[PDB]
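Novice: here's a sequence, model it:
(2 chains)
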Amino acid sequence: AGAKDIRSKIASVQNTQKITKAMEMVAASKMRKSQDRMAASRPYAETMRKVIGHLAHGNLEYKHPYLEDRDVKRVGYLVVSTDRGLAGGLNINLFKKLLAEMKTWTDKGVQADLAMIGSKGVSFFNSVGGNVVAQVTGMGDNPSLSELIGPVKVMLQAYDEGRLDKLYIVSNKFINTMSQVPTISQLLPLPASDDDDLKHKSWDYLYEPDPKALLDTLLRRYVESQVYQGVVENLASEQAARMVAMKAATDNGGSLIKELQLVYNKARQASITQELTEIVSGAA
Amino acid sequence: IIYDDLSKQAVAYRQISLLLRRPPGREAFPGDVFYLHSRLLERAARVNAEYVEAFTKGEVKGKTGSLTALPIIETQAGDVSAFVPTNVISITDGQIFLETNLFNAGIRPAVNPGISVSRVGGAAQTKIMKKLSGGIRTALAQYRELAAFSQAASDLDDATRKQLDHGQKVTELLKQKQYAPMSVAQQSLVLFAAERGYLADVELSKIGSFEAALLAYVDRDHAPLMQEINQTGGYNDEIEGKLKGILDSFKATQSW
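Specialist: Numbers count the residues shown, from 1 in each chain, chains lettered A, B, ... in the order given. Please see the structure below:
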């Protein structure tokens, strides 16, 4: 304490507040660009799903390990997290919901399985001791599907080997610019999406080389696509969460400036009063 | 007795004393500034009937006199920790702290709970007021603190939600117009409606209307109970039952 160092503190906090305002602006713009990158990811997945519905709910409905439902003996989760802090509680809320469901299955005796996108989840579940068999990190603000191939290929291998009976993706949802929510959704076995049409009679595909081979490649591509969609939505959710966090930080910094200045001004007035009392009471 | 600004009196003693060259202390007031406000305010008191009898040479028997004092202090920037405000807080039986942030938000009168206190206790209050008020003070302080943290993060667990709704409705119920006094019967009906839960299903924007209509309803029909509660501030199960019927019937039968 001491008015000169108090003024130093005031200057430092003011500088901090300016930089957090700048970060809020940047976070909003990055949210915009990542939600444009989000929409471009829809068409690929949805046309792939129409083809898969045509084959899977058509009369040529093969029994494929990816498509069939069996009793749960092991279960796995693909989990998306940030590489960067200052996002508030997004990661922690998602991990709490994951911990709840992972507890619920393992009480049924089911061994849990984890694959991690982003380093924050890696550190968190290394501290928790969760069973992590694959991970990829450092994608930053430029995710790519080719990087996701590793962990998803590992989980898929465990799935068609019969070791895993169900497999979820764990991700936040960019419901709005103003609001997001953590979710857990089953990607394998293929969910019973409605996906009904009968126009397939008019145009039935000529399967080169084979129908079932094409179907397998389609399912593998679909799982890859859904994981990429979840990753991109979680990135947009990160940008929005950092935006709101920096807004709150800027306001709290200003509200601290307004208190430090009262402390400083009271010390200023007291110092003048005391020094002048010493001088006047010093004379004669 | 009202003293409109004891801070200005303290300034006056500064001027006279410093013109008499008396050495100053903290914030340039003399140490005698405590004694000034001390001996002034300490005259305000309640005296027993033996003192009244001895003073008046026996012309008045058995009565007890009193002088009630409401001193006013102006303080800079809401700082309750400056010298003269701290001196007077050390002399009175409590303080009523008015916050400029509440006043600018339209919450008027802008009483700040937690800082405001009445050290005399509930002994001043009547029975119905004491029973109906109870913990409203600390509930309001806790509501304000909870609103402070709730602004920061989202953690709503349904009892927090109802605590917030109740606190917001109570604060909207406490505000009041200038030059608009209301009697203990009206105040007790208001407190009863607040804490027996009747403001459930009532909108915040409807709270003022709900009160205006309720006081008109009780002025129209069940006036004799108002006369009774204004005469003796007595809280019985009979009167609680009558109030319960009045609020049940108003909430079910009337509109606002």
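
Novice: can you give me the helices in the stretch 1-150 of chain B?
Specialist: Using DSSP state H, counting those that start in this stretch, the helices of the stretch 1-150 of chain B run over B:6-19, B:32-41, B:49-55, B:83-89, B:100-104, B:127-133, B:136-150.

Novice: want to throw those into JSON lines with mean neighbour count?
Specialist: The way it works is simple: take the backbone N, C-alpha and C, and place the C-beta from them, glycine included. Putting the helices of the stretch 1-150 of chain B into JSON lines (neighbours: other CB atoms under 10 Å in any protein chain shown) gives the following:
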{"stretch": "helix B:6-19", "mean neighbour count": "15"}
{"stretch": "helix B:32-41", "mean neighbour count": "16"}
{"stretch": "helix B:49-55", "mean neighbour count": "13"}
{"stretch": "helix B:83-89", "mean neighbour count": "18"}
{"stretch": "helix B:100-104", "mean neighbour count": "12"}
{"stretch": "helix B:127-133", "mean neighbour count": "18"}
{"stretch": "helix B:136-150", "mean neighbour count": "14"}
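
Novice: okay, those in JSON lines with distance to chain A next?
Specialist: Listed next are the helices of the stretch 1-150 of chain B as JSON lines, based on distance: least, CB to the nearest CB, whole Å:
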{"stretch": "helix B:6-19", "distance to chain A": "10"}
{"stretch": "helix B:32-41", "distance to chain A": "15"}
{"stretch": "helix B:49-55", "distance to chain A": "44"}
{"stretch": "helix B:83-89", "distance to chain A": "10"}
{"stretch": "helix B:100-104", "distance to chain A": "11"}
{"stretch": "helix B:127-133", "distance to chain A": "33"}
{"stretch": "helix B:136-150", "distance to chain A": "11"}
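
Novice: between the ones you listed, which one is nearest to residue A:50?
Specialist: Closest of the helices of the stretch 1-150 of chain B to residue A:50 is helix B:136-150, at 45.9 Å (criterion: CB to CB).

Novice: where does the closest residue to chain B within the stretch 101-250 of chain A fall, helix, sheet strand or coil?
Specialist: Of all residues in the stretch 101-250 of chain A, residue A:248 sits closest to chain B, at 7.1 Å by CB to the nearest CB. Classification of residue A:248 by DSSP: H, G, I helix; E, B strand; the rest coil places it in helix.

Novice: count the neighbours of residue A:203 for me.
Specialist: Look at residue A:203: counted by other CB atoms under 10 Å in any protein chain shown, it has 7 neighbours.

Novice: show me the contacts for residue B:78.
Specialist: B:99, B:100 (CB atoms under 8 Å, 6 or more residues apart in numbering or on different chains).

Novice: that one and residue A:266, how far apart?
Specialist: According to CB to CB, to the nearest Å, residue B:78 and residue A:266 sit 12 Å apart.

Novice: re the thing from before, ok, and the closest non-adjacent residue to the residue of the stretch 101-250 of chain A closest to chain B?
Specialist: Sequence neighbours aside, residue B:152 is the residue nearest to residue A:248 in space, at 7.1 Å (criterion: CB to CB, 6 or more residues apart in numbering or on different chains).

Novice: so what's the residue count around the one you found?
Specialist: Look at residue B:152: counted by other CB under 10 Å, it has 9 neighbours.

Novice: now residue A:157
Specialist: Residues near residue A:157, counting by other CB under 10 Å, number 12.

Novice: work out for me the element residue A:78 sits within.
Specialist: Residue A:78 belongs to strand A:74-80 when assigned by DSSP states H and E.

Novice: kindly format the C-alpha coordinates of that strand as PDB.
Specialist: Below are the C-alpha coordinates for strand A:74-80, written out as PDB (Å, rounded to 0.1, in the frame of the first residue of the first chain):
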ATOM      1  CA  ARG A  74     -18.100 -52.400 -22.900                       C
ATOM      2  CA  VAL A  75     -18.900 -48.900 -23.900                       C
ATOM      3  CA  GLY A  76     -16.800 -46.100 -25.400                       C
ATOM      4  CA  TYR A  77     -16.800 -42.300 -25.600                       C
ATOM      5  CA  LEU A  78     -15.200 -39.900 -28.100                       C
ATOM      6  CA  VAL A  79     -14.700 -36.600 -26.200                       C
ATOM      7  CA  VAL A  80     -14.000 -33.100 -27.600                       C
END
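
Novice: residues of chain A that sit close to chain B?
Specialist: With the criterion set to CB under 8 Å from any CB of the partner chain, chain A comes near chain B through A:89, A:248, A:262, A:266, A:270, A:273, A:277, A:281.

Novice: which of those fall in helices?
Specialist: Among the residues of chain A next to chain B, the members falling in helices (DSSP state H) are A:248, A:262, A:266, A:270, A:273, A:277, A:281.

Novice: need those residues in CSV with neighbour count, can you?
Specialist: Below are those laid out as CSV (neighbours: other CB under 10 Å):
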residue, neighbour count
A:248, 15
A:262, 13
A:266, 16
A:270, 13
A:273, 14
A:277, 15
A:281, 10
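
Novice: got those as CSV, with distance to residue B:242 columns?
Specialist: What follows is these, written out as CSV (distance: CB to CB, whole Å):
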residue, distance to residue B:242
A:248, 50
A:262, 52
A:266, 55
A:270, 60
A:273, 62
A:277, 66
A:281, 70
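
Novice: residue B:191 touches residue B:131, doesn't it?
Specialist: No: between residue B:191 and residue B:131 there is no contact under CB atoms under 8 Å: 9.2 Å.

Novice: would you map the strands across chain B?
Specialist: Counting by DSSP state E, residue ranges of the strands within chain B are B:2-3, B:70-71, B:94-95, B:117-118.

Novice: of those, which is nearest residue A:125?
Specialist: Per CB to CB, nearest to residue A:125 of these: strand B:117-118, 51.0 Å.

Novice: same for that closest one, what does it pack against?
Specialist: Packing contacts for strand B:117-118, counted by 3 or more CB pairs under 8 Å, 6 or more residues apart in numbering or on different chains; DSSP states H and E, involve strand B:94-95.

Novice: give me the residue from the stretch 51-200 of chain A nearest chain B.
Specialist: When scored by CB to the nearest CB, the stretch 51-200 of chain A has residue A:89 as its residue closest to chain B, at 7.3 Å.

Novice: burial count for that residue?
Specialist: 15.

Novice: so how far is residue A:28 from it?
Specialist: When distance is defined by CB to CB, residue A:89 is 19 Å away from residue A:28.
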